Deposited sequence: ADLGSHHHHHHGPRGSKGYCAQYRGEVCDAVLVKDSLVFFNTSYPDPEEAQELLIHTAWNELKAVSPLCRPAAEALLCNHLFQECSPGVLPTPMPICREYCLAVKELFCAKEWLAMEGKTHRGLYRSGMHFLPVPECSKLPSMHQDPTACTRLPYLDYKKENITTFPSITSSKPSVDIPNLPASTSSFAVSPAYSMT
């Protein structure tokens, strides 16, 4: 895939995010970091282990969000260009699936980010993300979540 000054696009080679990421898709690896494929994989491992603490509703949504956010699909082009999470995807997880662990813990983060549910996790700030309805191709949408009760919109 495309390579450039700040990173490159390549197929995912790990096992944690295997079921979430599109099989043949290219994802962005950030060469600001050393051996980014290894570093990103070590991070997602540790992130997923922390998600054993969250509710059964929240878990698959947060897992998918962390995967789509830490391994961002590359949009077509000659440059390596990561697609951010759609705002609606972010807000869904924040306000619906993980409401108790994320939205509710806002303003209670003074007790410690690690002691505040989910706020220590490398999740994006949903306000700073583009919309599904501004350009549905410019961001990653909420994928199929495997649950094996539900928030309503």
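Missing from the model, by position in the deposited sequence, are residues 1-11, 160-164, 170-197.
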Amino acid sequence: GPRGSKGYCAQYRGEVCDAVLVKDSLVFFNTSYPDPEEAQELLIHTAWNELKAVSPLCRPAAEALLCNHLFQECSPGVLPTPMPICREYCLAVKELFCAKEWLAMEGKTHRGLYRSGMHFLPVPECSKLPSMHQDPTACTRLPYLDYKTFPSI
From here on, numbers count along this sequence of modelled residues.
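Between 139-147 and 18-26, the higher mean Cα B-factor belongs to 139-147.
In this entry, the higher average B-factor at the C-alpha atoms falls on 110-118, of the pair 110-118 and 53-61. Comparing the C-alpha B-factors of 85, 92, 105, 44 in the entry, the top value falls on 105.
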